[PDB]
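What's in coords_35.txt: compact mmCIF, C-alpha atoms and all ligand atoms
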```txt
# COMPACT_ATOMS: atom_id res chain seq x y z
CA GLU A 1 9.37 19.63 0.61
CA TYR A 2 8.02 16.09 0.43
CA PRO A 3 7.81 14.81 -3.18
CA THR A 4 4.24 14.37 -4.42
CA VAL A 5 2.93 12.00 -7.08
CA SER A 6 3.00 14.60 -9.88
CA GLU A 7 6.68 15.35 -9.26
CA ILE A 8 7.91 11.76 -9.69
CA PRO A 9 7.91 9.91 -13.04
CA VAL A 10 7.32 6.16 -12.96
CA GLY A 11 10.67 4.41 -12.69
CA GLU A 12 12.41 7.04 -10.56
CA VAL A 13 12.74 6.88 -6.77
CA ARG A 14 13.16 9.78 -4.36
CA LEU A 15 14.58 9.68 -0.84
CA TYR A 16 13.33 12.10 1.82
CA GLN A 17 15.52 12.43 4.92
CA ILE A 18 13.38 12.66 8.06
CA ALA A 19 16.00 12.53 10.82
CA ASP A 20 19.50 11.30 11.49
CA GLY A 21 19.60 7.87 9.95
CA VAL A 22 15.91 7.75 8.96
CA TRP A 23 14.48 8.24 5.44
CA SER A 24 11.38 7.49 3.48
CA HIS A 25 11.53 6.27 -0.10
CA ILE A 26 8.94 7.44 -2.60
CA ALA A 27 8.15 5.77 -5.93
CA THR A 28 5.26 5.91 -8.40
CA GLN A 29 3.31 3.30 -10.32
CA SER A 30 0.58 3.06 -12.93
CA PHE A 31 -2.39 0.96 -11.84
CA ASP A 32 -5.97 0.69 -13.12
CA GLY A 33 -5.50 3.78 -15.30
CA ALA A 34 -4.04 6.12 -12.65
CA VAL A 35 -0.61 6.97 -11.25
CA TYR A 36 -0.09 6.50 -7.50
CA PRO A 37 2.75 7.46 -5.15
CA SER A 38 4.05 4.87 -2.72
CA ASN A 39 6.09 5.23 0.48
CA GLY A 40 8.60 3.01 2.22
CA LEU A 41 11.14 3.54 5.04
CA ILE A 42 14.93 3.35 5.47
CA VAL A 43 16.48 3.21 8.96
CA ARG A 44 20.21 3.16 9.64
CA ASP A 45 21.43 0.55 12.13
CA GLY A 46 25.13 0.88 12.80
CA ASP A 47 26.71 0.78 9.34
CA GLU A 48 23.90 -1.15 7.58
CA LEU A 49 20.42 -0.16 6.39
CA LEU A 50 17.08 -1.71 7.31
CA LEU A 51 14.56 -1.41 4.48
CA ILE A 52 10.80 -1.22 5.07
CA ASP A 53 8.77 -2.25 2.01
CA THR A 54 9.80 -2.44 -1.63
CA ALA A 55 9.30 0.37 -4.13
CA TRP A 56 6.41 -1.45 -5.87
CA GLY A 57 7.86 -3.64 -8.61
CA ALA A 58 11.20 -4.97 -9.77
CA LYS A 59 12.09 -1.94 -11.89
CA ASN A 60 11.37 0.57 -9.12
CA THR A 61 13.12 -1.62 -6.56
CA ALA A 62 16.29 -1.77 -8.66
CA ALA A 63 16.15 2.03 -8.91
CA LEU A 64 15.60 2.22 -5.14
CA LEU A 65 18.76 0.22 -4.48
CA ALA A 66 20.68 2.49 -6.86
CA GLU A 67 19.40 5.71 -5.27
CA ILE A 68 20.33 4.32 -1.84
CA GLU A 69 23.88 3.64 -2.98
CA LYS A 70 24.06 7.11 -4.53
CA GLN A 71 22.59 9.14 -1.67
CA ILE A 72 23.49 7.01 1.39
CA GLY A 73 26.15 4.54 0.28
CA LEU A 74 25.48 2.02 3.10
CA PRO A 75 24.39 -1.54 2.29
CA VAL A 76 20.81 -2.72 2.70
CA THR A 77 21.16 -5.90 4.77
CA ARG A 78 17.56 -6.65 5.80
CA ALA A 79 14.11 -5.71 4.57
CA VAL A 80 10.64 -6.03 6.11
CA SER A 81 7.46 -6.08 4.03
CA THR A 82 4.50 -4.63 5.94
CA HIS A 83 1.78 -6.62 4.11
CA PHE A 84 1.40 -8.95 1.16
CA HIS A 85 0.39 -6.60 -1.71
CA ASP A 86 2.67 -5.89 -4.69
CA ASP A 87 3.48 -2.37 -3.55
CA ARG A 88 5.09 -3.97 -0.46
CA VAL A 89 6.64 -7.24 -1.72
CA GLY A 90 6.95 -6.48 -5.46
CA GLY A 91 10.72 -6.27 -5.84
CA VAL A 92 11.58 -8.84 -3.16
CA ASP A 93 13.39 -11.06 -5.67
CA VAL A 94 15.49 -8.06 -6.72
CA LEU A 95 16.40 -7.46 -3.08
CA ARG A 96 17.15 -11.15 -2.50
CA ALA A 97 19.51 -11.30 -5.47
CA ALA A 98 21.35 -8.22 -4.20
CA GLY A 99 22.02 -10.08 -0.93
CA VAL A 100 19.26 -8.52 1.23
CA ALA A 101 17.62 -10.80 3.79
CA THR A 102 13.87 -10.36 3.26
CA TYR A 103 11.42 -10.67 6.18
CA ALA A 104 7.65 -10.75 6.64
CA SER A 105 5.22 -12.24 9.14
CA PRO A 106 4.05 -15.83 8.47
CA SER A 107 0.61 -14.33 7.79
CA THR A 108 2.09 -12.05 5.13
CA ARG A 109 4.17 -14.87 3.60
CA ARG A 110 1.13 -17.16 3.47
CA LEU A 111 -1.04 -14.47 1.86
CA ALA A 112 1.60 -13.49 -0.70
CA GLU A 113 2.02 -17.12 -1.77
CA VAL A 114 -1.75 -17.39 -2.30
CA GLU A 115 -1.96 -14.18 -4.33
CA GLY A 116 0.98 -15.12 -6.54
CA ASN A 117 3.11 -12.26 -5.19
CA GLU A 118 6.81 -12.48 -4.35
CA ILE A 119 7.50 -14.08 -0.97
CA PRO A 120 10.03 -12.77 1.60
CA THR A 121 12.41 -15.50 2.75
CA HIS A 122 12.52 -15.05 6.55
CA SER A 123 9.62 -15.13 9.03
CA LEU A 124 8.91 -12.59 11.79
CA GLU A 125 7.75 -14.43 14.92
CA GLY A 126 5.76 -12.98 17.81
CA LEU A 127 3.29 -10.81 15.84
CA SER A 128 0.17 -12.94 15.38
CA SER A 129 -2.02 -11.34 18.06
CA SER A 130 -3.41 -7.79 17.95
CA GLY A 131 -1.30 -5.53 20.14
CA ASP A 132 1.80 -7.69 19.71
CA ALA A 133 5.08 -5.79 19.41
CA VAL A 134 8.61 -7.05 18.76
CA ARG A 135 11.90 -5.23 18.47
CA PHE A 136 13.71 -5.55 15.13
CA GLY A 137 17.03 -3.75 15.39
CA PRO A 138 16.47 0.01 15.16
CA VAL A 139 12.66 -0.30 14.93
CA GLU A 140 9.72 -1.79 16.77
CA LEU A 141 7.26 -3.81 14.70
CA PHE A 142 3.62 -3.64 15.76
CA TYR A 143 0.63 -5.66 14.68
CA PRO A 144 -2.37 -3.43 15.48
CA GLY A 145 -4.99 -5.84 14.16
CA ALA A 146 -6.73 -6.17 10.82
CA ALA A 147 -7.22 -2.94 8.84
CA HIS A 148 -6.12 -2.31 5.25
CA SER A 149 -5.36 -6.07 5.27
CA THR A 150 -5.39 -8.74 7.95
CA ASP A 151 -1.58 -8.87 8.11
CA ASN A 152 -0.62 -5.20 8.02
CA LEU A 153 2.22 -4.21 10.34
CA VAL A 154 3.23 -0.76 11.45
CA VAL A 155 6.79 0.27 12.19
CA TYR A 156 8.01 2.69 14.86
CA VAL A 157 11.46 4.25 15.02
CA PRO A 158 11.90 5.17 18.72
CA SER A 159 15.10 7.21 18.21
CA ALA A 160 13.19 9.57 15.92
CA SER A 161 9.49 9.38 16.94
CA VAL A 162 8.67 8.29 13.36
CA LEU A 163 5.64 6.05 12.95
CA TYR A 164 5.30 4.34 9.55
CA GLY A 165 1.66 3.35 9.46
CA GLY A 166 1.78 1.71 6.07
CA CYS A 167 -1.50 1.25 4.26
CA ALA A 168 -3.49 1.13 7.51
CA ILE A 169 -3.10 4.94 7.44
CA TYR A 170 -4.39 7.39 4.80
CA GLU A 171 -2.85 10.70 3.79
CA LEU A 172 -4.99 13.78 4.33
CA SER A 173 -5.62 14.42 0.64
CA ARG A 174 -7.29 10.98 0.36
CA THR A 175 -10.92 11.54 1.36
CA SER A 176 -12.30 8.22 0.06
CA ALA A 177 -11.23 4.62 0.63
CA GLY A 178 -8.47 3.10 -1.49
CA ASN A 179 -8.10 -0.60 -2.27
CA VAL A 180 -10.25 -2.19 0.44
CA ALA A 181 -10.75 -5.60 -1.20
CA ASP A 182 -8.56 -7.26 1.45
CA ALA A 183 -9.60 -4.95 4.32
CA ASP A 184 -11.39 -5.55 7.62
CA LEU A 185 -13.56 -2.42 7.69
CA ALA A 186 -15.25 -3.50 10.94
CA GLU A 187 -11.95 -3.76 12.82
CA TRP A 188 -9.98 -0.95 11.12
CA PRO A 189 -10.94 1.84 13.60
CA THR A 190 -10.20 -0.43 16.57
CA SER A 191 -6.79 -1.28 15.09
CA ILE A 192 -6.08 2.42 14.63
CA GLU A 193 -7.01 2.98 18.28
CA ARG A 194 -4.40 0.36 19.21
CA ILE A 195 -1.79 2.37 17.26
CA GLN A 196 -2.75 5.58 19.08
CA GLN A 197 -2.58 3.88 22.49
CA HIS A 198 0.73 2.16 21.74
CA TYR A 199 2.58 5.13 20.18
CA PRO A 200 0.90 8.24 21.61
CA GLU A 201 4.31 10.00 21.45
CA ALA A 202 4.79 9.70 17.67
CA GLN A 203 5.70 12.98 15.96
CA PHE A 204 6.13 12.08 12.26
CA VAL A 205 3.47 9.80 10.76
CA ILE A 206 3.90 8.30 7.29
CA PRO A 207 1.02 6.81 5.28
CA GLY A 208 1.56 3.99 2.85
CA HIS A 209 0.73 6.40 0.02
CA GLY A 210 1.18 10.15 -0.01
CA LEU A 211 2.20 12.98 2.29
CA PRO A 212 3.20 12.45 5.94
CA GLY A 213 1.66 14.31 8.86
CA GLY A 214 1.17 13.98 12.61
CA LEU A 215 -0.97 11.66 14.70
CA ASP A 216 -3.98 13.43 13.13
CA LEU A 217 -3.56 11.06 10.17
CA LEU A 218 -5.03 8.36 12.42
CA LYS A 219 -8.16 10.42 13.09
CA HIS A 220 -8.37 11.32 9.40
CA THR A 221 -8.15 7.65 8.43
CA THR A 222 -10.80 6.75 11.01
CA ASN A 223 -13.06 9.42 9.51
CA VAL A 224 -12.56 8.15 5.94
CA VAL A 225 -12.90 4.45 6.84
CA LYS A 226 -16.12 5.13 8.75
CA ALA A 227 -17.58 7.17 5.89
CA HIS A 228 -16.86 4.23 3.59
CA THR A 229 -18.43 1.82 6.08
CA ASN A 230 -21.59 3.97 6.01
CA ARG A 231 -21.69 4.21 2.20
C1 LIG B 301 -3.74 5.43 -2.99
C2 LIG B 301 -4.58 4.20 -2.63
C3 LIG B 301 -4.72 3.10 -3.71
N1 LIG B 301 -3.63 2.13 -3.70
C4 LIG B 301 -2.86 1.87 -4.76
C5 LIG B 301 -1.93 0.91 -4.40
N2 LIG B 301 -2.16 0.63 -3.13
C6 LIG B 301 -3.19 1.35 -2.69
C7 LIG B 301 -3.72 1.25 -1.25
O1 LIG B 301 -4.84 1.71 -0.88
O2 LIG B 301 -3.03 0.66 -0.37
ZN ZN B 302 -2.11 -2.97 0.23
ZN ZN B 303 -1.08 0.22 -1.25
ZN ZN B 304 -9.55 14.32 7.35
```
Any chance you could put this one into structure tokens?
Amino acid sequence: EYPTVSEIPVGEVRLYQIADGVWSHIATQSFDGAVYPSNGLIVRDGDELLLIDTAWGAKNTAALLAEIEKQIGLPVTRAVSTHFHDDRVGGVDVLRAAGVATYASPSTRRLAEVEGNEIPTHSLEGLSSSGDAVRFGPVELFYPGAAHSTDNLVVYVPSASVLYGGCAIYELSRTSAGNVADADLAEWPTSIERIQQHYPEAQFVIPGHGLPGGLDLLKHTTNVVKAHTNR
């Protein structure tokens, strides 16, 4: 079963194998008095690993690298951060010093620099317009438009029908909005519609925080985002 927030102490990282050569990574963090789970992705590409998002902080990201070596034993050669918040780029300097090439859109890199968050080294071109998609090795990167943040990307693994929606997508047990300080509430449902229309075939859908599901997570998130818009 998928590890939930209560089952993971802060500092430890779990890996959940989804398909041949595709995992999620799950960590936990204390924030504003509560403990939150956090998801990322791992995708094999030949004999190297592509990492999607840090494990939320230097300590968790060191643990993530150690659990990868233990359970997979293939090197992480590139990483992509899906937006500029600390749960996605916090740990980038740990990755960089381990030899990982860190990537993010110019939008994400600009926003991280402004916030004082760690900044991925390389830039992802071709993603500035809503609906833009680019191939990145074993995944497609998709910019659906502004949602949880103006820069959020989603990641699709075509070999496995896995769609990592990041923080643009809510888990079912979340029935109220999360951190929406950087969000575009007016555009969020339209951006979700772009995800549905671009990956209607997705089978396994992973939120940025919590339990995966199917494409019904998109409808769930639209429901929650609209109830927050109206209250
Ligand atoms: C579980 C939502 C609260 N949260 C904590 C850290 N990041 C978030 C988010 O909404 O993206
Ligand atoms: Zn965020
Ligand atoms: Zn988050
Ligand atoms: Zn729902």
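Residue nearest residue 133 in chain A, chosen from A:146, A:92, A:195, A:63 and counting all atoms listed in the file: A:195.
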Cut-off 9 Å, only C-alpha atoms and all ligand atoms, neighbours of ligand ZN 303 (chain B) as a PyMOL selection string: chain A and resi 36+38-39+56+85-88+148+166-167+178-179+208-209
Close residues, range 16-24 of chain A itself excluded, 12 Å, only C-alpha atoms, min 4 positions apart in chain, as a PyMOL selection string: chain A and resi 1-4+38-55+64+67-68+71-72+74+138-139+156-164+166+203-213
Residues within 6 Å of residue 140 in chain A, only C-alpha atoms, excluding chain neighbours under 3 positions, as a list in words: residues 134, 135, 136, 155 and 156 of chain A
Answer as a list in words, residues within 10 Å of (2.8, -9.0, 8.1) using all atoms listed in the file: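 I get residues 80, 81, 82, 83, 84, 103, 104, 105, 106, 107, 108, 109, 110, 111, 112, 123, 124, 127, 128, 141, 142, 143, 149, 150, 151, 152, 153 and 154 of chain A for the residues within 10 Å of that point.
The coordinates place CA of residue 75 in chain A at 18.2 Å from CA of residue 58 in chain A.
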Between CA of residue 224 in chain A and CA of residue 144 in chain A, distance in Å (one decimal):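 Interatomic distance, CA of residue 224 in chain A to CA of residue 144 in chain A: 18.1 Å.
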For CA of residue 31 in chain A and atom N2 of ligand LIG 301 (chain B), the interatomic separation in Å (one decimal): 8.7 Å
